[PDB]
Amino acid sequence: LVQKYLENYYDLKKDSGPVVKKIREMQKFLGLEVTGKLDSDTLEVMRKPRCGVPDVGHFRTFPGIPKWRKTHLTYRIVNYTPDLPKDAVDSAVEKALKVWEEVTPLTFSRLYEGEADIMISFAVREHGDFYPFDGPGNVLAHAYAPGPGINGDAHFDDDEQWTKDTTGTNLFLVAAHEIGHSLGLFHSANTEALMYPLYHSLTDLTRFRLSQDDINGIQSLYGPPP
């Protein structure tokens, strides 16, 4: 468990000393106590649902480019999850994009056919890319950094119970985080940041907002709104 967790999220030698060092890097990043041992608190954090994108970097197979070379992006919802009515998914995705439009000069237009910049889809287990999903729990979704083709796309594990509220896995929250990667953001070590790797089942969705860290990160790439 801990081995592959460090392999997948902290690029630990794919082929003890090195492990304790990685355990510590993980503890520093996830806001735990920097000991180096598999504490009760540490083994617990590793069972919590999170984003599939690594913490110390980007997906090696599709690095992409640092940021979009244009401010007017297009998106398209390829398929839907049966857990929710089509209009609820559409709203969730639109509100997620709106969060980023607000703090940048970026715009998003929806396409219903063709090749859009950001393609959103639901999949389970093996879905064509090198990172298969893992059933309910653990990895919730993953997204790729800016670029052509598959880059910029966001995949959501359809083995999760996606909800409009917080009775399951909130689609809005996860989509907002994943769109962040689609625009060029990495994971943050700040526990109150949307870009934090672990899913925060927060009580009040109305009290939701990007933290200053999220804003600073996205504005350092595209600038502030005009």
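For every residue, the number given is its place in the sequence shown, counted from 1.
S.K.: Do any residues of the deposited sequence lie unmodelled between residue 15 and residue 16, and which range holds their number: none, 1 to 3, 4 to 9, or 10 or more?
M.R.: Gap size class: 4 to 9 residues without coordinates, per the record.
S.K.: If you average the CA temperature factors as listed in the entry, which stretch comes out higher, 217 to 225 or 1 to 9?
M.R.: That would be 1 to 9.
S.K.: Quick one: higher average CA temperature factor, 167 to 175 or 44 to 52?
M.R.: That would be 44 to 52.
S.K.: If you compare 162, 59, 68, 196, which has the highest Cα B-factor in the entry?
M.R.: Answer for 162, 59, 68, 196: 59, with the highest C-alpha B-factor.
S.K.: So where's residue 63 on the chain's Cα temperature factor ranking, which third?
M.R.: Its C-alpha B-factor, which the entry lists for residue 63, ranks in the middle third among residues of this chain.
S.K.: For residue 188, return the chain-relative third of its C-alpha B-factor as stated in the PDB record: lowest, middle or highest.
M.R.: It falls in the middle third of the chain.
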